[PDB]
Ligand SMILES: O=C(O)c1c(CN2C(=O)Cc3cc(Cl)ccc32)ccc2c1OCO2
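The chain that follows stands alone, in the form deposited without the ligand, written as structure tokens.
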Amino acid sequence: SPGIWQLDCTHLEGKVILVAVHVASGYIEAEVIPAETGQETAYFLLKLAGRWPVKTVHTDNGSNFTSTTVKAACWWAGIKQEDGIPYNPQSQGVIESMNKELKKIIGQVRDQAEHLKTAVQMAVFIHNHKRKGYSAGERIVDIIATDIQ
């Protein structure tokens, strides 16, 4: 569980927001891209895995699961690439709610930036710092530190 992440792709303003969620904590990273491609996904995972100890990624769709570019990045970064089938139905709901939450935050900050990417990074900040009490940022660090010890 310390090492398990889930990919998630959502759309706004004719652009794609690619999100990785640390399952156990709810901590996220995100970026705006013109379109989801294998190359964009591969690069995003390479970034993520240099920053956090990513053991397993549940891909967001079959195209990213299939993509040899994505598989190559997962190989490079030592990530187990897995499907994203919601064997637990709770997971669909969790991601749906998360996408709705993020879009709400982006709306709340949208006038504070010209570019969507800026607003998305503001939303990442607010999401990760929000106390639910601990924040997602606190939880991911505690979970991983506990694992290291």
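One-based numbering along the sequence shown.
The following text describes the form solved in complex with the ligand, which does not appear among the structures shown.
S97 belongs to the set of residues with a heavy atom inside 4.5 Å of the ligand in the entry with it bound. Taking the partner from elsewhere, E101 is found to have a heavy atom lying within 4.5 Å of the ligand in the entry with it bound.
Taking the ligand as positioned in the entry with it bound, the residues of 5-24 that bring a heavy atom within 4.5 Å of it are, in sequence order, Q6, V21, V23.
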